[PDB]
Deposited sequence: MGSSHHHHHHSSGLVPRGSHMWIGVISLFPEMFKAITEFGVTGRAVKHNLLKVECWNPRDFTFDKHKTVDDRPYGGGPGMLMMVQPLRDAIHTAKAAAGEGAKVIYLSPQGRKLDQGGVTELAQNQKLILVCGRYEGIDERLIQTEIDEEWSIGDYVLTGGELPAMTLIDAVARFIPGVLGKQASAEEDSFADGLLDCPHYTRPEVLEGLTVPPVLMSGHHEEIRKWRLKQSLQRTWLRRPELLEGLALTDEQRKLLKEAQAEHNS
């Protein structure tokens, strides 16, 4: 690898997936695509299909005890995982994306971002054999309490979220553990709705305090449990009380 872009904190992400082409959505486009071109982020995919030996390249298998659904076939998946681990060498944490995993939040994203090397295992069908968790997986993580057709979209969501914390990928993420304040661009009037005059004022301290107050107000109204997680500053306590008094 060569180039001029500072990449001390670069991340390597190994991916195990039956649909590696899905990952073009992050490696070919936008901020993540730029990260890849600039060697800040590398996404390398192994497909269990390439580790099959039967004529029809079988990658699913029947669950012991029956059921409607299939599981990922153990041998092709295990061989793909082992190949990824050999490529990564020492220090790679292996993650399985599952609804039974630890719930991802921004704090967890920043913990994951400390790893220089990750391997992300993408389950299809009803998922993977329990014993592969014990033998191959370091951590299970969920992107949220819902079921998807595969772990690819969860894996891409985690890649994108961690990529933002790689220095140089971006040009403020839930600033203060709070929801975003309202923001505005041109025009000054839209369908009779005006930009709050403080944002046109050029008064940097007044704008900062208005934005903080609005963030505290929105977080209180939409997600009050997020405020319970915080030890508010004196300034935040006062702006929230002002917002709550104005609301009432």
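J.: Could you list the ranges of the deposited sequence that have no C-alpha atoms in the model?
T.: Several regions go unmodelled: 1-10, 182-188, 266.
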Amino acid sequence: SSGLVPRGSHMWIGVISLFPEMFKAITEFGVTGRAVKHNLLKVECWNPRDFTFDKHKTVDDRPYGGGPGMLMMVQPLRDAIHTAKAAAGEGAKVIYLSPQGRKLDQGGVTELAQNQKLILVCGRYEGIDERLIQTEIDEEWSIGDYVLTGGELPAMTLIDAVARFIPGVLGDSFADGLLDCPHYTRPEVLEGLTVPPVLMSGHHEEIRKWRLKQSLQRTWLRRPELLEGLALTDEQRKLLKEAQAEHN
From here on, numbers count along this sequence of modelled residues.
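J.: Per the record, averaged over C-alpha atoms, which has the higher B-factor: 57-65 or 190-198?
T.: The entry gives the higher C-alpha B-factor average to 190-198.
J.: For the higher mean C-alpha B factor in the entry, choose 85-93 or 112-120.
T.: Looking at the recorded C-alpha B-factors, 85-93 comes out higher on average.
J.: Going by the CA temperature factor in the entry, name the top one among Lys209, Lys42, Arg222, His38.
T.: Result of the comparison over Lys209, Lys42, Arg222, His38: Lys209.
J.: I'd like to know which of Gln106, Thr157, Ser98, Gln134 has the highest C-alpha temperature factor in the PDB entry.
T.: Highest CA B-factor of the listed options: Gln134.
J.: Looking at the entry's B-factor column for C-alpha atoms only, identify whether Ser17 ranks in the lowest, middle or highest third of its chain.
T.: As the PDB entry reports it, the C-alpha B-factor of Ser17 lands in the lowest third of its chain.
J.: Would you mind ranking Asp79 by its C-alpha B-factor against the rest of the chain and naming the third, lowest, middle or highest?
T.: It belongs to the lowest third of the chain when residues are ordered by C-alpha B-factor.
J.: Pull the Cα B-factor of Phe165 out of the PDB entry and bin it into the chain's lowest, middle or highest third.
T.: For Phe165, the deposited C-alpha B-factor lands in the middle third.
J.: Going by what the PDB entry lists, where does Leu148 fall on CA B-factor within its chain: lowest, middle or highest third?
T.: Its C-alpha B-factor, which the entry lists for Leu148, ranks in the lowest third among residues of this chain.
J.: Taking the C-alpha B-factors as the PDB entry records them, is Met72 in the lowest, middle or highest third of its chain?
T.: CA B-factor rank for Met72: lowest third.
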